[PDB]
Amino acid sequence: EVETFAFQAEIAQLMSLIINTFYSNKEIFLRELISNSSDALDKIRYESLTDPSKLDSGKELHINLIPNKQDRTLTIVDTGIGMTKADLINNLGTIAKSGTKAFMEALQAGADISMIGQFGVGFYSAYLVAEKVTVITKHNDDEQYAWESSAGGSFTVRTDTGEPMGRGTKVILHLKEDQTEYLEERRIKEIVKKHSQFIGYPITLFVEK
Ligand SMILES: CCc1nnc2cccc(Cl)n12
């Protein structure tokens, strides 16, 4: 059972701007997704200090980066707090509306797309490099879900029957044909070192087989 939803108009407008604007410094998408994973890990770590059973779904707090050239995907996995169905359908977009308005105003005043994370909407930078984004996520208080969007105004949400993940989020970036440099080990290593060198969780870059 797949449910289809319309983005709010303002979020659709943000996604079109990210897809259509000429902007060569695309590599910042990875910093933004790693930052979001770090924030999700911070959140489960803090909650676990008052309820240690919140880690019954997995004690390890980490970020994995997994390129797959055969599927042309780059997957960012974290064992953070995860997202509920309400987060995926309503809550994240509600918060993103105000950050989007502020980001758009900043761009008109001279900011550039690399500053997107200062407005809280860095997730959508994934569309600098991905034609489709699939998010598999599991929060302790809800079931495992898959969110997916190729932009164009709509997204889907379904219960996920694939390999259970325990807790956290996997962001699967289906890369555009001209963005396969982000599958190369040396390129991902360069980007992590430049923009994510002080993240407080282990980041493992998997190697392709
Ligand atoms: C990683 C998933 C995610 N993070 N931020 C947002 C905003 C809207 C929709 C989704 Cl799936 N998001």
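Above this text is the structure in question.
A few points on the structure. (Residues numbered from 1 in each chain as written, not as in the entry; some residues may be left out. Heavy atoms only, no water.)

1. Quick word on helix α4 (residues 185–195)
Those residues of α4 that fall on the buried side of the exposure criterion are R187, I188, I191 and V192. Seen end-on, α4 carries its buried residues on one side only, within an arc spanning 130°. Of the exposed residues in α4, the ones pointing more than 90 degrees away from its buried face are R186, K193 and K194. On its buried face, α4 is in contact with α2 (28–50), β2 (63–68), β3 (73–78) and β8 (203–205). (Buried < 20%, exposed > 50% of the residue type's maximum accessible area, 1.4 Å probe, protein only. Helix = DSSP H or I, 4+ residues; strand = E, 2+ residues; numbered from the N terminus. Arc of directions from axis to C-beta. Contact = heavy atoms within 4.5 Å.)

2. Examining the pattern of salt bridges
Taken as a whole, this structure holds 12 salt bridges when the rule is applied. The partner of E27 in a salt bridge is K194, and the shortest N-O contact between them spans 3.4 Å. Of this pair, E27 sits in the loop between α1 (9–20) and α2 while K194 sits in helix α4, and the two are 167 residues apart along the sequence. By relative accessible area, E27 is classed as buried at 8%. Residue class for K194 comes out exposed when judged on its relative accessible area of 54%. With a shortest N-O distance of 2.8 Å, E181 and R187 are connected by a salt bridge. Taking the relative accessible area as the measure of exposure, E181 reaches 31% and is therefore partly exposed. Taking the relative accessible area as the measure of exposure, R187 reaches 16% and is therefore buried. (Salt bridge = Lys/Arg side-chain N within 4 Å of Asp/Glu carboxyl O.)

3. Focus on the sheet that holds β2
The eight strands are arranged β1-β6-β5-β4-β7-β3-β2-β8 in an open sheet whose pairing can be described as mixed. The outermost strands of the open sheet, each flanked by one partner alone, are β1 (3–6) and β8. On average, each strand axis in the sheet is tilted by 15° relative to the strand beside it, whichever way the strands run. Here β2 pairs with β3 via six bridges, running antiparallel. Paired with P67 across the strands is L74, a residue of β3. Across the face of the sheet, helix α3 (residues 85–108) comes into contact with β1, β4 (130–138), β5 (145–149) and β6 (154–159) while running at roughly 160° to β6. (Pairing = 2+ DSSP bridges. Axes fitted to C-alpha atoms, helices over the stretch in contact; angles between N-to-C directions.)

4. A look at the pairing of strand β7 (residues 168–175)
Burial of β7 is extensive: seven of the eight residues sit out of reach of the surface. Pairing of β3 with β7 involves six bridges; the strand directions are antiparallel. Paired with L74 across the strands is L173, a residue of β7. Bridging between β4 and β7 involves eight bridges; their strand directions are antiparallel.

5. Points about the site of the ligand
Inspection of the region around the ligand gives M83, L88, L92, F123, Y124 and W147 as its neighbouring residues. A total of 320 Å² of accessible area belongs to the ligand in isolation, and the protein chains cover 86% of it. (Near = heavy atom within 4 Å. Areas by Shrake-Rupley, 256 points an atom, 1.4 Å probe, with all protein chains shown as cover.)

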